[PDB]
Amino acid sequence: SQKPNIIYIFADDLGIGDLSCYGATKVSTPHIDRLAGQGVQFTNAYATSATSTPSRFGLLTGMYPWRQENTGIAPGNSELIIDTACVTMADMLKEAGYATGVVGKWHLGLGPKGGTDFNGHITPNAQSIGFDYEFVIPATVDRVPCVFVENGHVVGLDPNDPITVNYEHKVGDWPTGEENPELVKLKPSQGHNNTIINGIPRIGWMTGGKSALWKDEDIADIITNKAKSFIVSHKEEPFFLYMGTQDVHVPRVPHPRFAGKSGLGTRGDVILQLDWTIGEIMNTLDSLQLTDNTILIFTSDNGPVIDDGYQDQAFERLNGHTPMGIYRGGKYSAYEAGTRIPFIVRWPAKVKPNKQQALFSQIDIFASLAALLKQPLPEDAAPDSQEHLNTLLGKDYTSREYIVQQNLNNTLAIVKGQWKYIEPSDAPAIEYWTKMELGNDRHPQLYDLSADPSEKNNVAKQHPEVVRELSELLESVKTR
């Protein structure tokens, strides 16, 4: 064929150390390892951000999320965060002649100023920014409402039982973690004490849509089947599938057939469920003879977290597993494990198996696919996205000049050749809930990653001219 199919899969909070192809010894990921073996495994690939909403925003817009105020972790009832006049990756692939679909985790908002009204046609939605087809989890599985949205309508919604959602105060009289601990089956470790759904207290309050409520143990199966439907439906045409798994995000509710199979508790169990999901996508492609001329990109939105809010024994069951690999920090953090993510590109027709050590950022995927397809961008489109197609395909080992990282508190860090600079911040050093090291410091930090990849040795006092140059460089990206 001329024009490859494109599948982009965000895992949720999957760590640079969670996969056996990245050296995990305490858990085995044979489907994802097989994918690695068939394509290009990246060892220096980064998301824009150490959290969900901003990394997904940066990927789809080709604009750094920290250039817009509303791009932080979004509530389940956030208005759509991407302006409908923005050119998205989905829009440019639609212009390039692809059928476009989003399946799974969205977390970019739905509906207009005021927040999501879940009770009729929800607009603007993913279809307002270049997706033909939409089947989404509004935000995260730990956030209300716990329902799916398909082409702008809640699946199984009864108009006589309308939904209301509120993140400021209780609406309705549904049990909560706070008031009704007797009805809590998975106890919260950190907040998560609002409306209970299926015995799991969630973030935010909801009432109504009883018949629309999902079953947590079926979410991977539902996402996997809707992804396969989309692929089977577009067997004969060029398609783009943007897919977001729930795994390995809290609450971790493995299907019974994975539950207790890892021996790392539910956190390990959903790594195996995730590996099985990617296996199902690879088997579907193979079935339809679409393997060879499909670009399959598998990555994560941000780094990993052990205890992210439920008493699921993820620390107690960890068994010497290292989700962060050697790296400092994790989810939320400006330290490397915040934005360092697993990243695999398989395109058998065109791309030989390889390890890509080059510096790569998810911000460049938009301009890199546009360049591949020779698709022209409006002057204002994908403004921070550089063409690095050769690097993406393992055809060159040319690093990005620098990459930019954003933590929870919008502290930015820049990596240039061997050097990592973290700009000063007044935000807390330690994240209140998880106690994660955020890398917020009133003083500059400088790490030589070639010598000190675990960021053990701040050498800012040793290299003021390096701090000054990288500081001036980061400020010029900000004011560009």
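Each residue number is its position in the shown sequence, starting from 1.
S.K.: If you average the Cα B factors in the entry, which is higher, 261-269 or 396-404?
M.R.: Higher of the two, by average CA B-factor, is 396-404.
S.K.: Could you settle it for me: does 283-291 or 141-149 have the higher average Cα B factor in the PDB entry?
M.R.: Looking at the recorded C-alpha B-factors, 283-291 comes out higher on average.
S.K.: Compare the CA B factors listed in the entry for 59, 36, 422, 45 and report the winner.
M.R.: Reading the PDB entry, the winner on C-alpha B-factor is 36.
S.K.: Between 90, 341, 103, 349, which carries the biggest CA temperature factor in the record?
M.R.: When the deposited C-alpha B-factors of 90, 341, 103, 349 are compared, 349 is largest.
S.K.: Which third, lowest, middle or highest, does the C-alpha temperature factor of residue 256 belong to within its own chain?
M.R.: Residue 256: CA B-factor falls in the highest third of its chain.
S.K.: Taking the entry's C-alpha B-factors for this chain, is residue 444 in the lowest, middle or highest third?
M.R.: Its C-alpha B-factor, which the entry lists for residue 444, ranks in the highest third among residues of this chain.
S.K.: Place residue 136 in the lowest, middle or highest third of its chain's C-alpha B-factors, as listed in the PDB entry.
M.R.: As the PDB entry reports it, the C-alpha B-factor of residue 136 lands in the lowest third of its chain.
S.K.: What third of the chain, by the recorded C-alpha B-factor, contains residue 297?
M.R.: It belongs to the middle third of the chain when residues are ordered by C-alpha B-factor.
S.K.: If you rank every modelled residue in this chain by C-alpha B factor, which third holds residue 307: lowest, middle or highest?
M.R.: Lowest third of the chain for residue 307's C-alpha B-factor.
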